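Trainee: Below is one structure. I have some questions about it.
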Amino acid sequence: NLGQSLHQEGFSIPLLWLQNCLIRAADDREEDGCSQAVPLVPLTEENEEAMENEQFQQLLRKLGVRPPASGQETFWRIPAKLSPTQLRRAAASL
Amino acid sequence: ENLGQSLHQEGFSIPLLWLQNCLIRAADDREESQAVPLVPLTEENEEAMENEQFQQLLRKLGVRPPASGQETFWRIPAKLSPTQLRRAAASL
């Protein structure tokens with residue numbers, strides 16, 4: 001339950017968004033030949049705040065999410081190399 | 001307009017047109033106000049938003065960088081009037 005400290009700090013809504021991103025990516029990757037990196041696009045002020053939070057970023061790295069390429073990208077990415085199983089395990093871990 | 005044309009020649013025409021439309025939509029919204037983010041949803045618009053020359057243009061048009069540690073996105077400030085926004089868009 002890696003998410004627990006962030007839940008207690010009030011980040012349940014951004015954590016739910018992160019969870020859905022991981023699960024949706026897993027579903028897409030169950031098809032052979034289909035594996036695209038997914039940008040984590042914060043679409044609300046609350047999710048923006050989470051993406052700029054150091055503790056939330058630490059969780060992202062632990063789950064295997066990669067930071068943006070500086071000078072090229074704005075968004076963190078769910079790397080293409082992660083399998084549906086790896087992704088679902090990350091989501092299940094919070 | 002000169003800075004924009006230079007970015008057009010460096011291959012940023014598509015993000016410039018996106019930026020143009022964002023400014024115009026903000027202008028329309030403010031006639032009918034709050035600061036609104038510039039949200040790049042494509043790799044190409046992301047690349048522009050992270051480019052130093054493109055950022056120099058944003059600053060000249062009156063767009064402000066994100067608040068460090070709080071925001072991800074650049075903002076179109078509330079202080080820009082619809083008239084200012086349309087003039088900015090018209091320069092590209």
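Lettering and numbering for the structure tokens are positional, with chains as A, B, ... in the shown order, residues counted from 1 in each chain, and ligands counted from 1 in the shown order.
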Please list as a compact mmCIF listing (two decimals) with N, CA and C atoms, in the first residue's frame every residue within 9 Å of region 75-78 of chain A, counting only C-alpha atoms and excluding residues in the same chain fewer than 3 positions away.

Mentor:
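As a result, out-v2.txt now contains:
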# COMPACT_ATOMS: atom_id res chain seq x y z
N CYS A 21 -5.18 5.51 -14.95
CA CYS A 21 -4.23 5.59 -16.06
C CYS A 21 -3.49 4.27 -16.21
N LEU A 22 -3.09 3.70 -15.09
CA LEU A 22 -2.36 2.43 -15.11
C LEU A 22 -3.23 1.29 -15.63
N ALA A 25 -4.08 1.64 -19.41
CA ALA A 25 -2.92 1.25 -20.20
C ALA A 25 -2.78 -0.27 -20.25
N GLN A 36 1.96 1.60 -26.39
CA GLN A 36 2.37 2.98 -26.59
C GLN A 36 2.60 3.58 -25.21
N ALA A 37 3.62 4.43 -25.08
CA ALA A 37 3.80 5.19 -23.85
C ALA A 37 2.59 6.10 -23.63
N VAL A 38 2.17 6.29 -22.38
CA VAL A 38 1.02 7.15 -22.13
C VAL A 38 1.44 8.35 -21.29
N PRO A 39 1.15 9.57 -21.76
CA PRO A 39 1.50 10.73 -20.94
C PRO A 39 0.50 10.88 -19.80
N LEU A 40 0.98 11.24 -18.62
CA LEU A 40 0.08 11.54 -17.52
C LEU A 40 -0.29 13.00 -17.56
N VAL A 41 -1.45 13.32 -18.12
CA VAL A 41 -1.83 14.72 -18.35
C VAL A 41 -2.74 15.17 -17.22
N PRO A 42 -2.26 16.08 -16.36
CA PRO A 42 -3.13 16.57 -15.28
C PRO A 42 -4.13 17.58 -15.84
N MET A 51 1.04 16.42 -9.40
CA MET A 51 2.19 16.16 -10.27
C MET A 51 3.40 17.02 -9.91
N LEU A 60 5.48 7.92 -8.15
CA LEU A 60 5.50 7.66 -9.59
C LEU A 60 6.76 6.86 -9.99
N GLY A 64 7.37 2.86 -11.62
CA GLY A 64 7.96 2.64 -12.93
C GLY A 64 7.59 3.70 -13.96
N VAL A 65 6.94 4.77 -13.50
CA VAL A 65 6.59 5.89 -14.38
C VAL A 65 7.86 6.71 -14.58
N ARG A 66 8.07 7.19 -15.80
CA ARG A 66 9.28 7.96 -16.10
C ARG A 66 9.01 9.45 -16.14
N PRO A 67 9.99 10.25 -15.69
CA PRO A 67 9.85 11.71 -15.77
C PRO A 67 9.95 12.20 -17.21
N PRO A 68 9.47 13.41 -17.46
CA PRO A 68 9.53 13.95 -18.82
C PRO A 68 10.95 14.23 -19.26
N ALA A 69 11.18 14.11 -20.56
CA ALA A 69 12.47 14.54 -21.13
C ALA A 69 12.56 16.06 -21.05
N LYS A 81 7.33 -0.19 -22.28
CA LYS A 81 7.88 -1.52 -21.99
C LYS A 81 7.13 -2.30 -20.92
N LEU A 82 6.32 -1.62 -20.12
CA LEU A 82 5.62 -2.28 -19.02
C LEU A 82 4.47 -3.15 -19.52
N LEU A 87 1.62 -3.35 -14.94
CA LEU A 87 0.78 -2.18 -14.74
C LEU A 87 -0.31 -2.40 -13.71
N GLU B 46 3.54 20.05 -26.78
CA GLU B 46 4.45 19.89 -25.65
C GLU B 46 5.86 20.38 -25.98
N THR B 72 1.64 22.99 -13.28
CA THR B 72 2.35 22.42 -14.42
C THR B 72 2.34 23.37 -15.61

Trainee: So that I can see what lies close to region 18-33 of chain B, please list as a list in words the residues with an atom at most 9 Å from it, counting only C-alpha atoms and leaving out residues fewer than 3 positions away in the same chain.

Mentor: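 Near region 18-33 of chain B, the qualifying residues are residues 13, 14, 15, 36, 38, 40, 45, 76, 78, 79, 80, 81, 82, 83, 84, 85, 86, 88, 89, 90, 91 and 92 of chain B.
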
Trainee: Any idea what the distance is between CA of residue 94 (chain A) and CA of residue 3 (chain A)?

Mentor: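 Between these atoms lies a distance of 4.8 Å.
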
Trainee: Using only C-alpha atoms, which chain B residues lie at most 8 Å away from chain A, written as an NGL selection string?

Mentor: :B and (41 or 43 or 46-51 or 68-72)

Trainee: Restricting the output to C-alpha atoms, write the selected residues as a PDB file, in the first residue's frame.

Mentor:
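Done, and the output landed in again03.pdb:
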ATOM      1  CA  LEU B  41      -2.336  17.760 -25.468  1.00  0.00           C
ATOM      2  CA  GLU B  43       3.686  15.837 -28.435  1.00  0.00           C
ATOM      3  CA  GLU B  46       4.452  19.891 -25.649  1.00  0.00           C
ATOM      4  CA  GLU B  47       7.713  20.294 -27.551  1.00  0.00           C
ATOM      5  CA  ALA B  48       6.843  23.914 -28.283  1.00  0.00           C
ATOM      6  CA  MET B  49       5.918  24.635 -24.676  1.00  0.00           C
ATOM      7  CA  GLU B  50       9.340  23.338 -23.590  1.00  0.00           C
ATOM      8  CA  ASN B  51      11.279  25.280 -26.261  1.00  0.00           C
ATOM      9  CA  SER B  68       6.878  26.472  -9.357  1.00  0.00           C
ATOM     10  CA  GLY B  69       5.890  23.558  -7.123  1.00  0.00           C
ATOM     11  CA  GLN B  70       2.193  24.249  -7.611  1.00  0.00           C
ATOM     12  CA  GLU B  71       1.372  24.378 -11.321  1.00  0.00           C
ATOM     13  CA  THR B  72       2.347  22.419 -14.420  1.00  0.00           C
TER      14      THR B  72
END

Trainee: Could you tell me, as an MDAnalysis selection string, which residues of chain A DSSP assigns to strand (DSSP E) when given the backbone?

Mentor: chainID A and resid 38:39 77:78

Trainee: So what do you get for CA of residue 34 (chain A) versus CA of residue 61 (chain A), distance-wise?

Mentor: 23.2 Å

Trainee: Would you please extract all helix (DSSP H, G or I) residues from chain B, as assigned by DSSP on the backbone, and give them as an NGL selection string?

Mentor: :B and (2-9 or 13-31 or 43-49 or 52-61 or 82-90)

Trainee: Counting only C-alpha atoms, what is within 9 Å of residue 88 (chain A), bar same-chain residues fewer than 6 positions away, as a ChimeraX atom specification?

Mentor: /A:19,22-23,26

Trainee: What separation in Å, quoted to one decimal, exists between CA of residue 24 (chain A) and CA of residue 12 (chain A)?

Mentor: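 Interatomic distance, CA of residue 24 (chain A) to CA of residue 12 (chain A): 18.2 Å.
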
Trainee: Restricting the calculation to only C-alpha atoms: of A:80, A:20, A:56, A:32, which residue gets closest to residue 4 (chain A)?

Mentor: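 Among the listed residues, the smallest separation from residue 4 (chain A) belongs to A:56.
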